[PDB]
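Student: I am attaching a structure below and will ask some questions about it afterwards.
Neighbour counts run over all protein chains shown; Cβ positions are idealised from the backbone, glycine included. FYI, it's all coordinate maths here, none of it is from the lab.
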Amino acid sequence: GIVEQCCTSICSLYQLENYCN
Amino acid sequence: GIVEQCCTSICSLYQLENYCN
Amino acid sequence: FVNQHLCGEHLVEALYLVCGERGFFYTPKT
Amino acid sequence: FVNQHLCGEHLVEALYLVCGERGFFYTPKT
């Protein structure tokens, strides 16, 4: 999920954007 | 929507809570 | 005597606080 | 060193910024 990829690890702009609607 | 109820106008705690999942 | 309107980033923080574990949908267009 | 992780409230601000008008769903779950 987002917490795992972005908080625990580091995410790129596109991984983050993939969580938008 | 939330923007018009809460930003454009003022919303109560319950109108805000109505946008929760 | 402060502004009572919740807009932008502030609207999202309010939802975060108020919804807690319920979570939410943030759809600005509607 | 500076921090590159987006957690809690900061993750939600990032989604707000990046998603813009698209909106998004969020659930603080662990």
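Student: How about the range D:1-13: which of its residues are out of contact with any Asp or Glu (no Cβ under 9 Å at 6 or more places or on another chain) and either more than 7 Å from every other protein chain (Cβ to nearest Cβ) or part of a loop (DSSP other than H, G, I, E, B) (or both)?
Tutor: Those that are out of contact with any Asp or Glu (no Cβ under 9 Å at 6 or more places or on another chain) and either more than 7 Å from every other protein chain (Cβ to nearest Cβ) or part of a loop (DSSP other than H, G, I, E, B) (or both): D:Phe1, D:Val2, D:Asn3, D:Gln4, D:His5, D:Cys7, D:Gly8, D:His10.
Student: Scan the range C:14-30 residue by residue and report those that are outside any loop (DSSP other than H, G, I, E, B) and either facing another protein chain (nearest Cβ under 7 Å) or within 10 Å of B:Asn21 (Cα to Cα) (or both).
Tutor: C:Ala14, C:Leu15, C:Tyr16, C:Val18, C:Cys19, C:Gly20, C:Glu21, C:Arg22, C:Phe24, C:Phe25, C:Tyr26
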